[PDB]
$ cat model_24.txt   # compact mmCIF, N, CA and C atoms
# COMPACT_ATOMS: atom_id res chain seq x y z
N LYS A 1 0.83 -1.20 0.00
CA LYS A 1 0.00 0.00 0.00
C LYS A 1 0.87 1.26 0.00
N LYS A 2 1.77 1.35 -0.97
CA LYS A 2 2.66 2.50 -1.08
C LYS A 2 2.24 3.39 -2.25
N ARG A 3 0.94 3.59 -2.40
CA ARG A 3 0.41 4.42 -3.47
C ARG A 3 0.57 5.90 -3.14
N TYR A 4 0.45 6.23 -1.86
CA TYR A 4 0.58 7.61 -1.41
C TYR A 4 1.95 7.86 -0.80
N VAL A 5 2.96 7.98 -1.65
CA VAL A 5 4.32 8.22 -1.19
C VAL A 5 5.25 8.54 -2.36
N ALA A 6 5.03 7.86 -3.49
CA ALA A 6 5.84 8.07 -4.68
C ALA A 6 5.13 9.00 -5.66
N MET A 7 3.81 9.04 -5.59
CA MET A 7 3.02 9.89 -6.47
C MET A 7 2.36 11.03 -5.69
N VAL A 8 2.96 11.40 -4.57
CA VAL A 8 2.44 12.47 -3.73
C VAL A 8 3.46 13.59 -3.56
N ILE A 9 4.73 13.21 -3.50
CA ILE A 9 5.81 14.18 -3.34
C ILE A 9 6.49 14.47 -4.67
N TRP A 10 6.42 13.51 -5.59
CA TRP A 10 7.04 13.67 -6.90
C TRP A 10 6.47 14.88 -7.63
N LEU A 11 5.23 15.23 -7.31
CA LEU A 11 4.58 16.38 -7.93
C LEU A 11 4.54 17.57 -6.98
N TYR A 12 4.56 17.28 -5.68
CA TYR A 12 4.53 18.33 -4.67
C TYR A 12 5.70 19.30 -4.85
N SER A 13 6.78 18.80 -5.44
CA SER A 13 7.97 19.62 -5.67
C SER A 13 8.29 19.70 -7.16
N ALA A 14 7.27 19.54 -8.00
CA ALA A 14 7.44 19.60 -9.44
C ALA A 14 6.47 20.59 -10.07
N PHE A 15 5.25 20.63 -9.56
CA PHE A 15 4.23 21.53 -10.08
C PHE A 15 4.33 22.90 -9.41
N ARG A 16 4.68 22.90 -8.13
CA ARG A 16 4.80 24.15 -7.38
C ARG A 16 5.75 25.12 -8.08
N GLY A 17 6.81 24.58 -8.68
CA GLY A 17 7.77 25.41 -9.38
C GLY A 17 7.15 26.15 -10.55
N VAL A 18 6.01 25.66 -11.02
CA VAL A 18 5.31 26.28 -12.14
C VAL A 18 4.20 27.21 -11.65
N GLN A 19 3.46 26.76 -10.65
CA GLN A 19 2.37 27.55 -10.09
C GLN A 19 2.90 28.60 -9.12
N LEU A 20 3.78 29.46 -9.61
CA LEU A 20 4.36 30.51 -8.78
C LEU A 20 5.25 31.43 -9.61
N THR A 21 5.96 30.84 -10.58
CA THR A 21 6.85 31.60 -11.44
C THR A 21 6.12 32.09 -12.69
N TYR A 22 5.03 31.41 -13.03
CA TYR A 22 4.24 31.77 -14.21
C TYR A 22 2.79 32.04 -13.83
N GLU A 23 2.54 32.17 -12.53
CA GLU A 23 1.19 32.43 -12.03
C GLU A 23 1.11 33.80 -11.38
N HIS A 24 2.24 34.28 -10.88
CA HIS A 24 2.30 35.59 -10.22
C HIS A 24 1.69 36.67 -11.11
N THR A 25 1.94 36.57 -12.41
CA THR A 25 1.42 37.54 -13.36
C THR A 25 1.20 36.91 -14.73
N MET A 26 0.01 36.35 -14.94
CA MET A 26 -0.32 35.71 -16.21
C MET A 26 -1.79 35.90 -16.55
N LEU A 27 -2.65 35.16 -15.85
CA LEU A 27 -4.09 35.25 -16.08
C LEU A 27 -4.77 36.02 -14.95
N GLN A 28 -4.01 36.88 -14.28
CA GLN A 28 -4.54 37.67 -13.18
C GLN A 28 -4.55 39.16 -13.53
N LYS A 29 -4.47 39.45 -14.83
CA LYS A 29 -4.46 40.83 -15.30
C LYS A 29 -3.33 41.62 -14.65
N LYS A 30 -2.29 40.91 -14.22
CA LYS A 30 -1.14 41.55 -13.59
C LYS A 30 -1.58 42.47 -12.46
$ encode --input "model_24.txt" --output "structure tokens"
Amino acid sequence: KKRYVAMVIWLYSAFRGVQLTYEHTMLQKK
């Protein structure tokens, strides 16, 4: 039952890098 360990952190530190550098000013009318 190791479903929540390899597919939980692999993205926790992969998507965050995108939802912050290209979200600060993109679809928020700056």
$ atom_distance --input "model_24.txt" --atom1 "CA of residue 24 in chain A" --atom2 "CA of residue 7 in chain A"
26.0 Å
$ select_by_dssp --input "model_24.txt" --residues "chain A" --states "helix (DSSP H, G or I)" --output "list in words"
residues 3, 4, 5 and 6 of chain A
$ atom_distance --input "model_24.txt" --atom1 "CA of residue 15 in chain A" --atom2 "CA of residue 27 in chain A"
17.1 Å
$ atom_distance --input "model_24.txt" --atom1 "atom C of residue 14 in chain A" --atom2 "CA of residue 28 in chain A"
20.6 Å
